[PDB]
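**Student:**
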Amino acid sequence: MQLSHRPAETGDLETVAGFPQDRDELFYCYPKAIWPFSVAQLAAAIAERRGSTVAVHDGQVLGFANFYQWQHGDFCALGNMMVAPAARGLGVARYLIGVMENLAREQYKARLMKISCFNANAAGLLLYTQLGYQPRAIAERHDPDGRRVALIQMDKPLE
Ligand SMILES: CO[C@@]1(NC(=O)Cc2cccs2)C(=O)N2C(C(=O)O)=C(COC(N)=O)CS[C@@H]21
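The sequence shown runs 19 to 177 under the working numbering.
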């Protein structure tokens, strides 16, 4: 694996919007979005967020993430974490989370990264745990069917 990163570009949008494979996956990474996902929905998030970044390997965009909260000197909140379905479990999210930690430290002077993860996303919860994130709170949210879900609010000090 020889991963690189760069800011997200218009030409990446169709690729990245292809990453969520079902309503659950879209919910876990972008709960405000409505299935089916679209480039317009992805662009809307990019426009209102900061730091949208892609991970690339062998000419393929394999990952995407951004910040939906940012407070200089304080923290950033990382979301829209998406990984190409053929590249799952190969370290792309771990790589990109590390890049986003460096961005938060360097650009925003953040002392903390927040990551919130829905309860059903076991793989996410375990990944963020392996990367040193700890659970701080659990918040109630509602899914598209009106069912109650638990949002696990985690954080990690940045060094
Ligand atoms: C403002 O916080 C968020 N939204 C809400 O909590 C509001 C709602 C949630 C469910 C119904 S309404 C927001 O935006 N979030 C994102 C995101 O879109 O990136 C994620 C995805 O996180 C990752 N890890 O990719 C977790 S919920 C959190």
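Ideal Cβ positions, reconstructed from N, Cα and C, are used throughout, including at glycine.
(1) Residues in the same chain with beta-carbon distance under 6 angstroms from residue 59, minus the five sequence neighbours each way, listed in chain order, please.
(2) Quick check on the DSSP output: what are the complete alpha helix (DSSP H) runs of length 4 or more inside the stretch 67-120, in order along the chain?
(3) Would you mind working out which of 41, 119, 97, 93 sits nearest residue 67, comparing C-alpha positions?
(4) Per DSSP, residue 174 forms a beta bridge with which residues?
(5) Assuming residue 148 is part of the alpha helix (DSSP H), what are its boundary residues?
(6) Rounded to whole angstroms, what is the Cα-Cα separation between residue 133 and residue 146?
(7) Let me check you understand the geometry: is the CB of residue 140 closer than 8 angstroms to at least one non-hydrogen atom of ligand 1?
(8) If you run the structure through DSSP and keep just helix, strand and coil, what is residue 51?
(9) Pull up the distance between the alpha-carbon of residue 34 and that of residue 64, whole angstroms please.
(10) Check this for me: beta carbons of residue 72 and residue 30, under 9 angstroms apart or not?
(11) Excluding the 5 residues flanking residue 82 on each side, which residues of the same chain have their C-beta closer than 6 angstroms to its C-beta?
(12) Based on the DSSP secondary-structure assignment, which residues constitute the bridge partners of residue 153?
(13) Residues bridged to residue 24 by DSSP?
(14) Nearest-angstrom Cα distance between residue 164 and residue 53?
**Tutor:** On the basis of the data shown:
(1) Locating residue 59 in the sequence shown gives position 41, where the first residue counts as 1. Taken in chain order, the residues that qualify are 51.
(2) none
(3) For the purposes of this step, residue 67 is taken as the residue at position 49 of the sequence shown. Comparing Cα-Cα distances from residue 67 to each of 41, 119, 97, 93, the minimum goes to 97.
(4) Position 156 of the sequence shown, counting from 1, holds the residue named residue 174. Note: residue 174 sits in a beta bridge opposite 131.
(5) Counted from its first residue, the sequence shown places residue 148 at position 130. Start and end: 140-148.
(6) One-based indexing of the sequence shown puts residue 133 at position 115. One-based indexing of the sequence shown puts residue 146 at position 128. Spanning the two alpha carbons is a distance of roughly 8 angstroms.
(7) The residue given as residue 140 occupies position 122 in the sequence shown. No, the Cβ of residue 140 stays beyond 8 angstroms of every heavy atom of ligand 1.
(8) Counting from 1 along the sequence shown, the entry for residue 51 is found at position 33. Coil, per DSSP.
(9) Within the sequence shown, the letter at position 16 stands for residue 34. Within the sequence shown, the letter at position 46 stands for residue 64. C-alpha separation (whole angstroms): 12 angstroms.
(10) Locating residue 72 in the sequence shown gives position 54, where the first residue counts as 1. Locating residue 30 in the sequence shown gives position 12, where the first residue counts as 1. Closer than 9 angstroms, so yes.
(11) Working through the sequence shown from its first residue, we reach residue 82 at position 64. The residues are 34, 72, 100.
(12) Residue mapping note: residue 153 aligns to position 135 of the sequence shown, counting from 1. In the DSSP output, where bridge partners are listed per residue, residue 153 has 172.
(13) Counting from 1 along the sequence shown, the entry for residue 24 is found at position 6. Partner(s): 72.
(14) Here residue 164 is taken as the residue at index 146 of the sequence shown, counted from 1. Here residue 53 is taken as the residue at index 35 of the sequence shown, counted from 1. Taking the straight line joining both Cα atoms gives about 15 angstroms.
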